[PDB]
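> part one of the complex, untouched from its place in the assembly:
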Amino acid sequence: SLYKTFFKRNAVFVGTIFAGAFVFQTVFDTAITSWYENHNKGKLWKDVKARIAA
Amino acid sequence: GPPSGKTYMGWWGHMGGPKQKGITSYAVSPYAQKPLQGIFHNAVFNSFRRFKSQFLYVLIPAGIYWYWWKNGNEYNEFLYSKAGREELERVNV
Amino acid sequence: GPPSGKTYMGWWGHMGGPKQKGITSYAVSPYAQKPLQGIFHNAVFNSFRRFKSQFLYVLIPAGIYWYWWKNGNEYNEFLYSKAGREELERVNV
Amino acid sequence: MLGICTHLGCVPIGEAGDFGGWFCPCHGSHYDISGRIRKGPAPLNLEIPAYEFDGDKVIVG
Amino acid sequence: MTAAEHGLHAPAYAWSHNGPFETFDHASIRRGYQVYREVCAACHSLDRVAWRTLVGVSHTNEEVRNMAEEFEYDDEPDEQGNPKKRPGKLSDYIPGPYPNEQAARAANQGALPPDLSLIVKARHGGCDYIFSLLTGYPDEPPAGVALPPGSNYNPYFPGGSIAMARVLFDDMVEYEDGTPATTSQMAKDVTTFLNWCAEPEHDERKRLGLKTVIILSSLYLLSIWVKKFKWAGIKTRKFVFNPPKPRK
Amino acid sequence: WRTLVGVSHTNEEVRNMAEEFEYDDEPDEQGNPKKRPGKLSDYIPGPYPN
Amino acid sequence: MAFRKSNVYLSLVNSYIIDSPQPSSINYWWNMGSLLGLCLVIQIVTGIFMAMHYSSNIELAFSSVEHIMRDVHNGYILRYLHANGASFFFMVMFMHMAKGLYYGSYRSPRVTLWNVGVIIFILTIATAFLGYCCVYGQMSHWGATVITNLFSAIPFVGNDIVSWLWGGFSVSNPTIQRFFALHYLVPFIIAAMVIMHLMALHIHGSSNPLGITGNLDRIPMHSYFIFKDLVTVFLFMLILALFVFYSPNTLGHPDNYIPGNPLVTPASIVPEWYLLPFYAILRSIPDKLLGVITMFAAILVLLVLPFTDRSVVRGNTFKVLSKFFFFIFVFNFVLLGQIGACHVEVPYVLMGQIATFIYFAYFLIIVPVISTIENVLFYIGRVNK
């Protein structure tokens, strides 16, 4: 069943606690950064630098 | 080490209360019952019941001290206006 | 609190040794005797007796390590003289 | 004259006043030339240093 | 105190960086530095801002290297101990007009103009007070107030009299991007540049706080769940009493 | 200078030795530098500037 | 037996953290002591990482703190956490003390535990004062001037104490370098008093909200009250993060971003919010010597409460009159802070005088008289003839 592979064990429990911790951080970072940079579109330096094109 | 001066509390087995006889306790496992079961019938029943009891002991004091801060702040602003310069030179002396 | 894992030493009354029977102890007060009574017949009898026992265990090692420091310090000063410049260029390579 | 208003620590401005002496914008702390409060609510006129005279000397101490 | 000795209350303007998810407008910073260089820098210093911190914020690397080289800095002495000079580099700090406090007061009738690196954080009101000050000089002072000679009236300064005179007027600056350089427009860009000078971590801080508040908010809800599960035995436990016989 | 008084020289002697050297004063009312003679709280000067 | 019970060092962890008997009925007001222990860890750790970049010289001090903000990686996080962490430490302590006053925890058999706590409070006001002076802005210079000049009124000996505290004739460089070295020290003395505080709790354990014995129903600490304490740890770390990252200068004064100058006085010299009620008590006494005595007496009148409560019941849960006057005293303590942030002007002069009296009359005149009245009412309501 499910109990004996995910929960019962106490090495791929504490194992998969840190496994997801390393993976959660990177996707969580990329997602928040993309939402912030899009909510403030037109005020950033990258957009201005492209807009002062002379 | 040596034993020190004893307490009004012990430990498991000799906690230091009176002897009990004739009391029975029953309980059920948490795995066998459903959590988050009634927490409305809690915030609307019990919180409102607990509020209704202990709210006249907190709000009658709060009303006396806030009224006091008011009448002082109102009077100060009058003293330093131009319509209250005569009173200022009376009370500041 | 609870009792922890016990020791090889107790306290006064239950120190944890064997039961004693048949031993008698006698003593006299210090106020009733004279202090600084024999401390020669001490530094000349006992210190010299204690020295004479435990001095060949300390001095034979000390003599081996000091001789070693000597022959090295003597040889180094020869290497860096002008009479020992040929040996220096042999051993330093 | 030392400028430690005891209850302020304020700094009277030279080149101003009513008598060619002193004004501070502090409370209306007017002083006189010699330095005696005159029209400001401060309680006392302030400490003159224990400076002496000895010739090419004024030992402001 | 009266209201004059306190000062007039600054209003609440709708700044584009106010909000928990907002950033600075970087085109207003770039325009604001131009107002500083051509109006403010004659009598105000900016001692706590280095040249390098402008790269990637308002100007390009090649632009900032050319602005710094227009100033001379003290070099270390030569082979015989005589002093030298050199042009500016990126690790240098923005120079001020005066060499000491005495020369600054001499050029401003005894008064000392302050450094502006931290003026937004060191005044009650913040950006609303800086803007309202520059745009608050009336035509005439109100009838009755006697100003000293050499002082100017505007009601946002405590007391009512300030040593600065009005310095902003329409169309004194020609902007590179074609913005109309009205009085209010330049005042807004100046204050935005100055807030960046005080808080150069504003944009990074507000997004690390979005990460931290989301993580801690879910841990707080998970902790309430886990508590109520592990406490369910104690909350529903029941007791019964049957009086024994007092034989004992 | 002050540490020589009571050790090798008299107070009046040390005040005259220090006054034979010039020290940087604080700037004047217009910000230009000034000079002054030495006093007892000053340190013994060296020959070279760097 | 188990290793956690036999080992010399883990036996102490087990007896204090794991198997400790706790009353079944204690509520979330009993969780503040845990938070004050996390607070002390936050401040000590954040402070040691800043001390690596700080310079205590009076000509270098203000600019070192601005250098932590601009040039140090994540240095703005360390300072704002640290500065706002002290405001949170004081708020949890006032709530911890107000609880014990409500539930009678000062009474015998726990008089010794209340007294070690009063010491921690004094040493904590001293610590925070010394640290604010190390910024050396304009509230830093003139706040140390006002407080250190108070000791010049002690008879015949005062002007020797101020010059030994200053290291000179004014607040100057020797003052700022000695205040930083003492400010690092006192946190380690507070930690040693926190261990002695816990030893005195282990003897009789904790009380409970009903004021009766708890030896008939006890629950162990682990996995009922450990997980009940996580609930309030994460709420504390959430609200603190909201101040550090979104509003990091609302619990301060703007004048302390102006560098310290002895030649220009501010228009309003005001302490932080958590020393304002004691600052109003001082200003209320016209004489200088009596003022500094009355201010320190405001902290040590708490030691008189175990002998002025004349009741046979512990706590206020079943006491009607003693509830009303507990909340009078709380809101009188909030008015003293407000008046401490005002100008010395009519009518804020007399208001702070009447409110300084009510602070002292509570401990010395009100509690003895209502406790005796309540005892006699319990008697004649049951025993009536």
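Yep, it's here. Numbering: from 1, shown residues only, chains lettered A, B, ... in the order given.

> hang on, residue G:187 is in a helix, isn't it?
Yes - with DSSP: H, G, I helix; E, B strand; the rest coil as the criterion, residue G:187 is located in a helix.

> any idea how far it is from residue C:39?
Going from residue G:187 to residue C:39 by CB to CB, to the nearest Å gives 52 Å. (Each C-beta comes from the backbone N, C-alpha and C, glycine too.)

> Tell me which of the two has more neighbours.
A count of neighbours by other CB atoms under 10 Å in any protein chain shown puts residue G:187 above the other of residue G:187 and residue C:39, at 17 against 10.

> before we move on, which element is the residue lying closest to that one once chain neighbours are set aside in?
Closest residue to residue G:187 in three dimensions, ignoring its sequence neighbours and counting by CB to CB, 6 or more residues apart in numbering or on different chains: residue G:44, at 5.7 Å. Using DSSP states H and E, residue G:44 falls within helix G:32-51.

> Show which residues not belonging to that helix make contact with it.
Residues outside helix G:32-51 that contact it (CB atoms under 8 Å, 6 or more residues apart in numbering or on different chains): G:68, G:75, G:78-79, G:81-82, G:85-86, G:88-89, G:92-93, G:95-96, G:99, G:184, G:187, G:190-191, G:194, G:229, G:232-233, G:236.

> Mind checking which of those are in helices?
Secondary structure from DSSP state H places G:68, G:75, G:78-79, G:81-82, G:85-86, G:88-89, G:92-93, G:95-96, G:99, G:184, G:187, G:190-191, G:194, G:229, G:232-233, G:236 of the contacts of helix G:32-51 in helices.

> In ChimeraX, how would I select the buried members of the residues you listed?
The ChimeraX selection below is limited to those of those classed as buried (16 or more other CB atoms under 10 Å in any protein chain shown):
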select /G:68,75,78,79,81,82,85,86,88,89,92,93,96,99,187,190,194,229,232,233,236
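
> quick one on the thing from earlier: report how many residues lie close to the residue nearest to residue G:187.
14.

> distance of it from residue E:206?
Per CB to CB, residue G:44 is found 28 Å from residue E:206.

> ok and the residue in chain A nearest chain C?
residue A:10 (27.0 Å; CB to the nearest CB).

> here's chain H, drop it onto the model above:
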Amino acid sequence: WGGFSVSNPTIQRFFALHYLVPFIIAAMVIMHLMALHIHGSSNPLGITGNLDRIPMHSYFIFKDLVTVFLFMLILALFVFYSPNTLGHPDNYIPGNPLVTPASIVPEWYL
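Below, chain H sits with the chains from the block before:
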């Protein structure tokens, strides 16, 4: 280092850590004493001491004063009459990265 060489950031961090570690040593000295109280002290013969015990006060307190005053005496003789014999003269030269000493030598105990 905090940089690319021994520099200013190195010297300011080494002083703040140098104040700290003495308070960690003190906490380890308390844990050291707790472990002695369990079994007590040994003796020069290497056998049990539970058959003949003396209390600490006024036999071993006054025996310890003897060695406290000898320690203070010899220390005072170094502080007041020979205060730089257990050091190196080069540490009265200020630190210079551009001139190496002819002999880099630690204190005698390292």
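
> what do you get for the neighbour count of residue G:44 once chain H is counted?
Count around residue G:44 with other CB under 10 Å applied: 15.

> How about residue G:323?
So residue G:323, with other CB under 10 Å, has 18 neighbours.

> Repeat that for residue E:235.
Counted with other CB under 10 Å, residues neighbouring residue E:235 total 9.

> any idea how far residue B:88 is from it?
Taking CB to CB as the measure, residue E:235 falls 63 Å from residue B:88.

> which element is the residue in chain D that chain C sits nearest to on?
Nearest residue of chain D to chain C: residue D:9, at 57.4 Å (CB to the nearest CB). Using DSSP H and E, residue D:9 falls within no helix or strand.

> Check the gap between it and residue H:73 for me.
Using CB to CB, one gets 52 Å for the distance from residue D:9 to residue H:73.

> Run the chain-centre distance for stretch G:323-342.
16 Å (CA atoms, centre = their mean, to the nearest Å).

> pretty sure residue E:234 is in a strand, no?
No - with three-state DSSP as the criterion, residue E:234 is helix rather than part of a strand.

> ok, residue 36 - contacts?
Because you didn't say which chain, this covers chain A. E:21, E:207, E:210.

> The chain in question should be chain E.
Applying CB under 8 Å, 6+ apart, the residues near residue E:36 are E:46, E:190, E:193.

> a markdown table for the residues you listed, including distance to residue B:5?
As requested, these are exported to a markdown table (distance: CB to CB, whole Å):
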| residue | distance to residue B:5 |
| --- | --- |
| E:46 | 69 |
| E:190 | 73 |
| E:193 | 71 |
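
> hang on, residue G:121 in a strand?
No - under three-state DSSP, residue G:121 sits outside any strand and is assigned helix.

> ok, it touching residue G:96?
No - the pair residue G:121 / residue G:96 is not scored as a contact, 10.1 Å apart, by CB atoms under 8 Å.

> Could you identify the buried members of the contacts of residue A:36?
E:207, E:210.

> Out of the contacts of residue A:36, which are close to chain A?
For chain A, the contacts drawn from the contacts of residue A:36 by CB under 8 Å from any CB of the partner chain are E:21, E:207, E:210.

> still on that earlier bit, please tell me how far the residue of chain D closest to chain C sits from residue G:143.
With CB to CB as the criterion, residue D:9 and residue G:143 are 12 Å apart.

> Kindly incorporate the sequence below as chain I:
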Amino acid sequence: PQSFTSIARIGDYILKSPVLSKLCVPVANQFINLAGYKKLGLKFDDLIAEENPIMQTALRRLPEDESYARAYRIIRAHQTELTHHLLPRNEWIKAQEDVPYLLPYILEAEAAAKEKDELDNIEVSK
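Time to bring in chain I:
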């Protein structure tokens, strides 16, 4: 704290007096109802603090049957309070049951401690 000997001296004076009893008793009854210890199933003598020697003595001298019931009322009240509920209104202590069951054991232990203490500091005549 105040002695039960002093509490009883003041109370008895109030109760024997007609005018004072008609003026102070109704205040005392509604002080009892507003307190709310009966709603948790407790009598007043359950509330008296027990960490002192006079009160430890009184609890030993108490009969076994009255002592077993006291332990149950105290356990039931702790459980009622951690759930943040009140007991059913048919389980509330009534006025006729709220009797001072422990007061005589307290007054007896107090009177003996005063007699012993006077005898240890006596001034003798000659």
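
> mind redoing the neighbour count of residue E:235 now chain I's in there?
A count of neighbours around residue E:235, defined by other CB under 10 Å, yields 13.

> what's the answer for residue E:204, then?
Neighbours around residue E:204, by other CB under 10 Å: 12.

> do the same with residue D:13
14.

> do the one 10 residues further on as well
By other CB under 10 Å, the residues close to residue D:23 number 19.

> likewise residue E:239?
Residue E:239 has 13 neighbours, counted by other CB under 10 Å.

> Please identify which helix or strand holds the nearest residue to it once chain neighbours are set aside.
Once flanking residues are discounted, residue E:239 sits nearest to residue B:25: 5.6 Å by CB to CB, 6+ apart. Here residue B:25, judged by DSSP H and E, is contained in strand B:23-26.

> Could you check the helix or strand just after that strand and say which residues are buried?
Scanning forward in sequence from strand B:23-26 by DSSP H and E, the next helix or strand is helix B:46-53. Across helix B:46-53, burial judged by 16+ other CB under 10 Å covers residue B:46.

> which element follows helix B:46-53 toward the C-terminus?
Taking DSSP H and E, what comes next after helix B:46-53 is helix B:56-79.

> What angle do helix G:348-361 and that next one make with each other?
160 degrees (axes from the mean of the first three to the mean of the last three CA atoms, to 10 degrees).

> which other helices and strands contact helix B:56-79?
Counting contacts by 3 or more CB pairs under 8 Å, 6 or more residues apart in numbering or on different chains; DSSP states H and E, helix B:56-79 packs against helix B:85-91, helix G:321-339, helix G:348-361.

> then the longest one to CSV, C-alphas only?
I take that to be helix G:321-339. Presented in CSV, the C-alpha positions along helix G:321-339 are these (Å, rounded to 0.1, in the frame of the first residue of the first chain):
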residue,chain,number,x,y,z
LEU,G,321,-13.5,44.0,42.2
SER,G,322,-9.9,42.9,41.6
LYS,G,323,-10.5,42.5,37.9
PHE,G,324,-11.7,46.1,37.5
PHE,G,325,-8.6,47.5,39.2
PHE,G,326,-6.3,45.3,37.2
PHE,G,327,-7.4,46.9,34.0
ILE,G,328,-7.4,50.4,35.5
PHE,G,329,-3.7,49.8,36.2
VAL,G,330,-3.0,48.6,32.6
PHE,G,331,-4.5,51.6,30.8
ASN,G,332,-2.9,54.0,33.3
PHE,G,333,0.4,52.5,32.2
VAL,G,334,-0.4,53.4,28.5
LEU,G,335,-1.3,57.0,29.3
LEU,G,336,2.1,57.5,31.0
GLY,G,337,3.8,56.5,27.8
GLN,G,338,1.7,59.0,25.8
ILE,G,339,2.4,61.8,28.3
